[PDB]
Amino acid sequence: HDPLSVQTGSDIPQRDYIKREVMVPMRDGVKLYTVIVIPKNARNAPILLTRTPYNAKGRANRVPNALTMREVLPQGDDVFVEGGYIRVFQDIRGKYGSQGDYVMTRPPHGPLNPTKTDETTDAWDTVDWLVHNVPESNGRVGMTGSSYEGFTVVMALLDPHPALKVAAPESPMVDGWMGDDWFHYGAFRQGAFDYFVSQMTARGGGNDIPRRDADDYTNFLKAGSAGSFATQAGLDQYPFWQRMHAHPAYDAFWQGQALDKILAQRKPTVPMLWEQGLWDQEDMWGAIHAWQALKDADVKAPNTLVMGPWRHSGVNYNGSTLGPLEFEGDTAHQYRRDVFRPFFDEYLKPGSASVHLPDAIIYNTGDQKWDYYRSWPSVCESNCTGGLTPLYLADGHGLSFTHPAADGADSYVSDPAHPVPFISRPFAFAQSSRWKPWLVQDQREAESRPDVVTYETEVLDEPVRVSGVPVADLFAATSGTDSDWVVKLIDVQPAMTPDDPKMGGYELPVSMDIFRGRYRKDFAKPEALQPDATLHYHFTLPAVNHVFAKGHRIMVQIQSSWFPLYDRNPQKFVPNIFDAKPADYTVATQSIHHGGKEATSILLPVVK
Amino acid sequence: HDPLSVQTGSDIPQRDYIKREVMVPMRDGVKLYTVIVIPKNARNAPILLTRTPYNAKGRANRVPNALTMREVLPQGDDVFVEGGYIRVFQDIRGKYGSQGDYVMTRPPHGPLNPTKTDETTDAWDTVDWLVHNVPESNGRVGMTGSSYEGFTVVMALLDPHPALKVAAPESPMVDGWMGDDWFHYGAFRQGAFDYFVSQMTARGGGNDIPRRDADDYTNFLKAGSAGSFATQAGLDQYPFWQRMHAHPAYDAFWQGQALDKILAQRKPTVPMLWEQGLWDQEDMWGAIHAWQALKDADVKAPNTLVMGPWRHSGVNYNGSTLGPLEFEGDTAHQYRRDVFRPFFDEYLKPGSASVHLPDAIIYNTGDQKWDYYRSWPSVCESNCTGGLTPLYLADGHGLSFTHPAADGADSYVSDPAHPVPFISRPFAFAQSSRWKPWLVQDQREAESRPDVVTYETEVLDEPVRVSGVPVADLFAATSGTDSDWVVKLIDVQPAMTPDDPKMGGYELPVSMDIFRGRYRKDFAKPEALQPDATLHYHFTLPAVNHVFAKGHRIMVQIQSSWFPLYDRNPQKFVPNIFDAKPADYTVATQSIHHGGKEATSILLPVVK
Amino acid sequence: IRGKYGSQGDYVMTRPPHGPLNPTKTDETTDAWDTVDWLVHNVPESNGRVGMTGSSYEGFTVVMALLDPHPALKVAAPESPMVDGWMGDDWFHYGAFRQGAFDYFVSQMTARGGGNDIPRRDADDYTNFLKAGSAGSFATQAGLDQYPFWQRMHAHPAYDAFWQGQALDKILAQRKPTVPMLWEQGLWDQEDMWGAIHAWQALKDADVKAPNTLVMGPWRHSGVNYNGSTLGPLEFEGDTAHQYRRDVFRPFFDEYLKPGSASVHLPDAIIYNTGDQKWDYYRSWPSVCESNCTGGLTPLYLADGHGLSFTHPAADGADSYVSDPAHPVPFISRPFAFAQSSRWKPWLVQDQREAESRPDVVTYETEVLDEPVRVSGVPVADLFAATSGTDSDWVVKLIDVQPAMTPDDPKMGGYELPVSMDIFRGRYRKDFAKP
């Protein structure tokens, strides 16, 4: 039979870089899948390493099997591809092509991890193997990564290999209870469920949770409590959910995973560049708190904080815009080329010029430029050059820098059957395009509701500059025995913006957060609220570096639900909110006090 | 001096139709600017006439001075350009090129107009002139036009010239107080202000009212009452506003302008084609009420109602879509080609084939097809082949065709300081793109609020067909002495619509209206509402021809504000809501009773 | 199917039927047979009645089942099926080779499961293929020389025994099935234009003893399974695909698959009219063609002054244009890469004004029409052409020029909308099997 005409068998049988796939053994014999991308004719090149739970093979295949290194590696690696670096992506223990048991945000060695290995030792063994088994490299390794990839960098900094010469944790997962991915001051973030099934259903890729309605406001409201939704989704068989469910409060389980505290105790000497977006919608707490903790522990190494006009992980893509907002050029690329690259070159490419970075490099969302701050912040509640400036709530739904002498209060009814949408309906957690820029969305929809109270200054005659961390000084009462308190600090654009009409009167949030009331006194010991008693809440809000220009107004909005992002507070003290029952959800009248000795205000970091 | 090089003076000195401009004298000597567009070599051609307050020169110049008749005339005249008709546009008395005094919706001869002329005589004199002075025509005239252009048709029908062989009023202005442009059941429509300043500032073109804020929700809320906004915009010097301001109730002034009642008394024999969009956002009352009144007076002429899936005047453009909805082809062109044109040809082009139209030709928003109804409606409250089927509000925020035996009530707070946006903020009346398809927008935003009560049936196992006019049978209490009641009948799409994901769970309004409570007993004589008393309200909603298919749900939403489209009911009986003062605006608790002898329901025109 | 994803066995591209190209005991026909037999004996919830359907390669599997169908296969609906890959479906059009096949090969034959596309140098495939030179040179650079199916295709550029033995239209006509069939394809099917219509016509000519209806909508390839409201910038009367599925496909399937269901009496062809914007039900179709029809074709003649007329010009004449392979005419605007599905799908309805503006394209047109001309059938190019070379391709396009101005939709003014176009490789002028 002619083989060029009859087939009785089966028809199934130029690059500027080389890719190597290796199984790196750890101290305990578990081998991790590691991909190494090396430029052709690379010699004595530094190594840029990232450890990830998101498929190393795919991470190094942006354009699958491309002909150029620039195409095969992520957009964020553009400056390093141009600099001639070797790039390494590795699958963390128990994910994709790596062996071992996978533990979600594996705790460091201690009470929560008595084994002989963790993410610090895995990073250690990885760097050791690289400097002894990659001849094209100069033996100098730099670590970087965003989100969970940033968590792995922080974990390496607990006990770094001597060949790790510099680190750049980006929007890292530091404290998941205080203000990163799982909770914000005790208030649970319901998007976590899809993340758990997606990352822990299998070693490799997993799926999302099938939905009934296209709108998650409907899906979660019909299921009732968060635990009820988890049970219906089959999450009760997932070990990490069983632990989280059992630890709703900031007890030993969470305290033992607060990497900002742990890192400050270790005091690393590896140069660090901490980064996060001003509108980071997934890990807002991480970088800034780690950087501040190190700064307070008087760390003996470069320790610079960088904050750009970006959403979560935005630093690795185009930072020219965010939602309807426009910035001065590709701010992400600007940072990667002018700060990130030169800083990494100093420690990874001997003979490279030295850079002297200040305490903080922060984009100014008002002036539309990069600010270099030698010492930062210049104002705060204690041990700073200056103090905070209270912007008090007042009568007539006003805001004034003058303390109102007389007492007063404004009330609103919070009904858990009609919770305030965090963004316009309909929304599903799968809708990435609407999730990413959510923090910069107009708050006018919220202003129009009777379950949201809004205060604003007169139109500004002179600009007010703010740079630092604002603090909510709230004096509020609830008729119930529990409640959540959402406080938003907003820049109201000029009534009319003729050069871009859609922005006229736009209520742009510059900083907002939620606080779960049962933790007012102690995050580790929840207690019921006293009904109808005005109580004092004091908590830090996301950092600002902004200017409220002439023609704008400063606005503050307060409400008691933010759904479906945050589960509903039943407004009745129950042992565990995850297990709240239908009958537990109670309507309550909330009252915000202003003036006198209970003068609610936002402590603003005003600067000259 | 060489003229081809040195200029010491001034440099300022193929069609398939002919355009004539003529000043046609009326009986009193006033001359009206008339534009006649005639196809080349036209002989014995019928005339299609439209009388307008929107600039006849411009109306017949879609593409200015175009080389083809098809381009020079509007999209809606396409089928008549193809049929060889002569097209006439005329400026009504007092506008643009016409002489005379302009009177907004000039009332017919009677107590509101004691002069010798009106829109009826002007139309009579115009037709008389055309049949004697257009040699290329056959002396047969058909009239058509939408909105105000529809009003001029209806006015001609009161006493038509014998040469007026056929008429097509499209979304006409018939009763401005009951449910067309100025009020809906006494609730004032605040877009009217711009319309006034635009059409009554000068003989020719006018301007809009300058705004402080980009969002009309803000502009109107800060102004307070509608009269306050009017005063600030300088409307107190406009005679028409002075009259409307003095007649907020349905007194002699408005009764004397109800054309549906007047026309029924006259009983015209000119064949008529009444048209309106199912989602007509400006003149929902007109066409259907006028047609029904002629039908009831047993008019001796063809009298057919046509309702397509259109917005106001949508019949003259493309009817393939409306907002995010998609229909079966260009439904507007389908009507123009298959019904409008042949019907007009029967009476204007001797020897043309006859057509036998049914009572109503109505697009089915469920089956996605045109329905030809010999007799319509087949169900109504009295004198029909059948009756309405009550869909009762029930416990658990449900809806059921079974009368609930037990009594019950659901409450909601209505705060005039936080009125419910009729569509998402921000919105300015100038944004035509958002105004046009507003009646088909998703109602999920409103559902999420505590100042709106929502009821729904279980997901349907069997479809329910509706065809006719639904009736709100409402048993509601308010703690104030006045209130508005907004009732919405909605088709909730399947939880998931995988072919078009964004429609999943979409709350599509098929019929909604508002009722100003002070008019519960008599439209002419407003009276305060009894605080905390459950009162009976009974009123018709916009017509429906729909099928709630399997997987969908039927929903009812009730609220007490719809801003800024409708001015706010202060919820305190004041003599004139236009003049309400800030202090008058009161917060109230609303209660909708369900079951027992006060069983609130929507009387649905269910059909088999 | 055998050899792909979760299935065992060897995978052969468009596995030929048992015969000279396949001497094994199995093929797609026997695989379908066995599959149906298993279904009716192992699915208690069913009624034992099976209907088959599918588009593209999924349609090819329906056709292969029709060569010897299991008795439980009561109805079939092959959609834009792969029938003759050399005459006018996926690999060639009249011998002219389709260069997007390379990506398909690597994607579908690199592994049992999923594969990848071929890594590109430039974003524009116009540039990639023009720099590589010949099609074979591109294939060699991509590593295709190690793929058995490409080896065979490379060795059989002409319509020899290898292709003739896989012309399923001919084969099926010789087998004369008696299973009711609904053949479907888009009027602008950009991947399998030959399949459905030729298979349907061959059965009609063989006087098949079973319902045999042809359905063509205003769709791209496989468009019948999505939304048929639009295609490129064109707008049709509603979701034409859904209309078909609900009003024709479903009831037809029910008649034979749900005992007791109302019977349907479909005509020869149900075709959407791209002019009148409505569905046409043709009892006998076509009504005009070259031979054995009620009527014949009407020639539209090229004439002087670049005109077109129904009058046969008496005098002889010629218009010339220079064809330079270093500057080939882009089939759609540059840049284009086969990976760009959004641009590939509606390519047949794109404006031809860019082409008209070039000196390597000749354009002829009628005067603006005073009366409409209605067409329904298969047009035939009767081309008298000379070339200074020894081979040549000839692309002929039949176009509807929209009115000079379309004020209701301004962008369509003077739009040159192709209603029918194809290419013919010159070397096969006398015989497809002998260049």
Side-chain angles (χ1 to χ4, degrees), chain A residues 103-108 110-113 148 151 154-155 158 172-193 195-196 225-227 230 239-265 280 282-293 296-297 381 469 471-472 474 481-487 512-529 535-542 560 562 565-571 573-580:
Chain A
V103 182
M104 173 62 70
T105 65
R106 195 179 186 192
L112 299 176
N113 174 18
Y148 203 116
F151 162 84
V154 168
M155 288 299 280
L158 297 176
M173 302 173 67
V174 167
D175 193 332
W177 196 96
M178 290 299 298
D180 280 325
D181 292 287
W182 320 129
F183 306 79
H184 270 218
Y185 291 122
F188 178 71
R189 293 160 60 81
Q190 302 195 106
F193 296 139
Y195 185 80
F196 299 154
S225 68
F240 184 76
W241 167 243
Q242 293 166 8
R243 302 199 296 287
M244 177 170 292
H245 176 266
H247 298 292
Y250 196 58
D251 61 29
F253 181 73
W254 296 113
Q255 290 188 43
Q257 305 185 66
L259 303 184
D260 49 348
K261 302 293 194 308
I262 303 289
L263 191 51
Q265 294 174 339
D280 196 309
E282 291 188 18
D283 293 284
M284 188 73 84
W285 189 272
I288 191 167
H289 282 87
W291 169 83
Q292 185 67 61
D296 294 335
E381 283 208 300
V469 342
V471 182
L474 178 67
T481 48
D482 203 355
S483 270
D484 286 354
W485 304 103
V486 178
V487 176
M512 33 187 211
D513 216 354
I514 182 174
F515 190 92
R516 182 151 289 178
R518 64 204 280 118
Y519 306 114
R520 190 181 76 81
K521 292 170 160 180
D522 198 339
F523 293 120
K525 294 284 156 44
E527 267 184 53
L529 297 183
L535 302 176
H536 191 207
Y537 303 87
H538 190 83
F539 56 97
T540 63
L541 295 176
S560 288
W562 224 10
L565 176 53
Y566 291 102
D567 64 335
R568 293 169 303 156
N569 188 312
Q571 284 166 174
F573 187 79
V574 294
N576 196 332
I577 290 171
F578 285 126
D579 305 331

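Basis for what follows: all heavy atoms, side chains included, without hydrogens, waters or symmetry-related copies. Sequence lines set the chain letters: A, B, ... in the order given, protein chains first and strands last, and positions in each chain run from 1.
Considering all non-hydrogen atoms of both residues, A:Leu112 and A:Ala252 come closest at CD1-O, 4.0 Å. Smallest separation of non-hydrogen atoms from A:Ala580 and A:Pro570: CB-CG, 3.9 Å. The minimum heavy-atom distance between A:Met173 and A:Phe151, with the atom names listed, is O-CD1, 3.4 Å. Of all non-hydrogen atoms in A:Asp513 and A:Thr540, the two that sit nearest each other are OD2-O, 4.4 Å. Heavy atoms only, all atoms of each residue included: A:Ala249 and A:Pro526 are closest at CB-CD, 4.1 Å. Nearest heavy atom pair, residue A:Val154 against residue A:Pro172, reads CG2-CB, 4.0 Å.
Counting heavy atoms from C-beta on, the side chains of A:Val174 and A:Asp283 never come closer than 4.5 Å. Side-chain contact between A:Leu158 and A:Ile262: present, with at least one pair of heavy atoms (C-beta onward) separated by less than 4.5 Å. Under the 4.5 Å side-chain criterion, counting only non-hydrogen atoms from C-beta, A:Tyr195 is in contact with A:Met104. Put simply, the side chain of A:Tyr250 reaches to within 4.5 Å of the side chain of A:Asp175, judged on heavy atoms. Residues A:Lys525 and A:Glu527 are not in side-chain contact: their nearest non-hydrogen atoms beyond the backbone lie 4.5 Å or more apart. A:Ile577 places a side-chain heavy atom less than 4.5 Å from the side chain of A:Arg516.
Here the straight-line distance linking atom CG of A:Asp484 with atom CZ of A:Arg518 works out to 9.5 Å at 0.5 Å rounding. Atom CD of A:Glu282 and atom CZ of A:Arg189 lie 7.0 Å apart (nearest 0.5 Å). Atoms CZ and CE, from A:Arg106 and A:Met155 in turn, are 8.5 Å apart once rounded to the nearest 0.5 Å. A distance of 8.0 Å separates CG of A:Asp180 from CG of A:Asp280, quoted to the nearest 0.5 Å. Here the straight-line distance linking atom CG of A:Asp567 with atom OG of A:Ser225 works out to 8.0 Å at 0.5 Å rounding. Atom CZ of A:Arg520 is separated from atom NE2 of A:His538 by 12.5 Å, given to the nearest 0.5 angstrom.
By the ring pair (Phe, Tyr, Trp, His ring centres under 6.0 Å) test, A:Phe188 is found to be paired with A:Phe183, A:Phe193, A:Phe578, residues two or more places apart in sequence or in another chain being considered.
Tested against A:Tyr537, the residues A:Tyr185, A:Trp485, A:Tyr519 include a single side chain to side chain donor-acceptor pair (under 3.5 Å) partner, A:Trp485. A side-chain contact (heavy atoms from CB on, under 4.5 Å) with A:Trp177 is found for one member of A:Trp285, A:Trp254, A:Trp182 and no other, namely A:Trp254.
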Side chain to side chain contact (heavy atoms under 4.5 Å, CB included) between A:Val487 and A:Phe539, worked out: CA-CA 10 Å; A:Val487 176; A:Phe539 56 97; 3.9 Å; yes
